[PDB]
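To start, the structure itself, in structure tokens.
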Amino acid sequence: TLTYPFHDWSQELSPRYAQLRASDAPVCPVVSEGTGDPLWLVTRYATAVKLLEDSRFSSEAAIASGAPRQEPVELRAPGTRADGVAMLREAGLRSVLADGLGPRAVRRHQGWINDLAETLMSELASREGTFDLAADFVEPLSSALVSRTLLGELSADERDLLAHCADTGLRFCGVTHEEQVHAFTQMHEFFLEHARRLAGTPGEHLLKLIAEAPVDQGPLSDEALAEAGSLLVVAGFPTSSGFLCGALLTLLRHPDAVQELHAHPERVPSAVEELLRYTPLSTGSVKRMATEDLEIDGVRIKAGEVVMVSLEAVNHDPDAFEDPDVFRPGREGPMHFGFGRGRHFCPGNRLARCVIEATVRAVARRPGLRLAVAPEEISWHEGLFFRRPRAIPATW
Ligand code: HEM
Ligand SMILES: O=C1N[C@@H](Cc2c[nH]c3ccccc23)C(=O)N2CCC[C@@H]12
Ligand SMILES: O=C1N[C@@H](Cc2c[nH]c3ccccc23)C(=O)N2CCC[C@@H]12
Ligand SMILES: [Mg+2]
């Protein structure tokens with residue numbers, strides 16, 4: 001019956017999420033608009049915990065070529081595996097993510113990240129007119145994050161190529177299927193040519209750490225490095241840029257909350273966590289394949305079927321959060337789902353929280369920052385997996 005996704009490309013969540021959440025069944029059938037595949041959809045917090053903590057519902061099997069899927073094309077250059085995390089597991093490197101992405105990486109990078117956030121915001125505060133927080137703040141900050149922490153030194157042309165491929169490939173619609181496949185082919189061909197060199201540029205970026213990691217087999221090949229490059233782009237680039245843009249819109253809409261953060265900087269970490277709950281990001285869902293015949297809260301799922309969890313729907317579940325549609329940094333609720341749950345909890349969470357915190361603090365230190373247009377005049381890219389406005393006109 002209901003086709004998926006729900007076309008809610010702005011920060012207004014589709015009403016279909018609450019409608020399914022309040023239905024009797026804890027899992028609801030939908031149909032992929034792009035493929036016609038039947039899919040299951042979970043929208044309730046309690047059910048999502050149980051599903052995402054169950055290793056019998058496999059992420060790798062839902063990523064694999066040939067799986068039923070919500071996305072209109074396979075997210076891979078044809079003929080490639082295109083599962084960088086599985087590649088790291090086969091290589092024995094799952095721990096290298098911790099070194100390049102965990103608290104050790106945050107210690108290494110937090111200083112320059114905050115220096116850059118303040119440098120960008122201070123320059124905007126010096127301008128005699130308006131500016132665009134998306135292009136003038138989020139783009140340089142997120143580009144620096146990807147280069148310095150993930151890929152290595154990138155030229156502006158290389159950064160633009162990778163950003164184009166991410167925006168073209170990671171879509172439910174708005175491009176033809178052939179252009180979407182070509183975006184992944186373009187990015188894979190870029191990394192086949194350049195991943196080795198990038199891994200050798202100065203810095204402690206994750207791609208270097210992967211290339212230099214001790215492996216029981218040989219040190220990783222150029223093909224393995226290329227798989228890692230595409231993973232890091234799709235997981236790190238449009239997510240960070242979309243989230244930072246959305247978080248800025250949330251802050252600009254809540255001046256009373258920003259004033260409290262200005263007066264009490266020790267409350268910023270709680271506001272970061274509330275932004276991760278409140279600010280929607282993906283227009284799709286995390287998903288898992290049943291590896292055998294299973295039951296989730298009484299509903300039978302056959303082996304090979306795919307079950308989706310909308311993190312936005314879970315983060316807005318009123319059985320978990322009181323007044324879920326209110327931005328409330330003081331909130332004393334359960335853990336949010338903005339980074340997922342269980343064994344697949346975002347390994348980028350530490351670096352993401354550091355860049356989000358640096359952005360929140362840069363805003364909170366300078367009262368009066370506001371939208372320069374009406375909030376309904378904000379224009380959205382339509383069809384991206386990871387929501388992003390076309391521009392955020394702003395001023396003091
Ligand atoms: C605000 C920014 C970000 C958000 C909201 C976010 C969110 C998430 C979420 C919800 C998942 C779970 C997907 C699932 O359960 O299938 C995930 C996984 C992942 N994230 Fe992040 N992420 C962000 C930034 C980053 C960054 C900067 C990196 C750097 C490489 C990264 C790397 C990854 C990887 C590799 C995975 C896959 C983990 C797995 O499948 O086991 N993320 N992210
Ligand atoms: O490591 C993975 N995990 C899941 C979730 C995901 C996390 N970040 C993503 C970015 C875009 C699409 C999906 C995801 C996935 O679907 N994957 C294919 C591309 C990255 C790979
Ligand atoms: O929109 C998507 N979201 C991720 C999961 C995710 C949900 N929220 C996230 C936030 C950050 C990274 C990944 C996710 C995913 O698996 N996808 C397969 C095709 C569509 C694509
Ligand atoms: Mg199949």
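If you take every residue apart from residue 206 with its C-beta less than 14 Å away from the C-beta of residue 206, what net charge results, scoring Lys and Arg +1 and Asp and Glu -1?
Working: positive: 94, 104, 108, 148, 208, 350; negative: 99, 153, 204, 212, 227.
Local net charge: +1.
Considering only C-alpha atoms, what is the centroid distance from segment 211-225 to segment 250-320, in Å?
For segment 211-225 versus segment 250-320, the Cα centre distance is 35 Å.
Between segment 104-146 and segment 24-85, how far is it from one alpha carbon centroid to the other, in angstrom?
Using only Cα atoms, the two centres lie 35 Å from each other.
Using +1 at the C-beta of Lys and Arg and -1 at the C-beta of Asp and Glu, which of 103, 119, 211 has the Cα lying farthest in the positive direction of the dipole of the chain?
Toward the positive end, the furthest listed residue is 103.
Is the C-alpha gyration tensor of segment 18-70 telling us rounded, prolate or oblate? Criteria: a/c under 1.5 is rounded; beyond that, a/b larger than b/c is prolate, otherwise oblate. Each step should come with its number before you reach the end.
Values: a/c = 3.17, a/b = 1.23, b/c = 2.57.
Note, shape of segment 18-70 comes out oblate.
For the chain, with only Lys/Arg (+1) and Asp/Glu (-1) charged at the beta-carbon, what is the dipole magnitude about the Cα centre, in debye rounded to 20? Walk me through the numbers before you get to the answer.
On the way: 40 positive and 56 negative charges, 152 e Å.
Charge dipole of the chain: 740 debye, to the nearest 20.
Don't worry about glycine lacking a Cβ; one is built from the backbone with ideal geometry, like all the others, and counts go over all protein chains shown. Throughout, read-outs are computed from the coordinates displayed, never taken from laboratory work.
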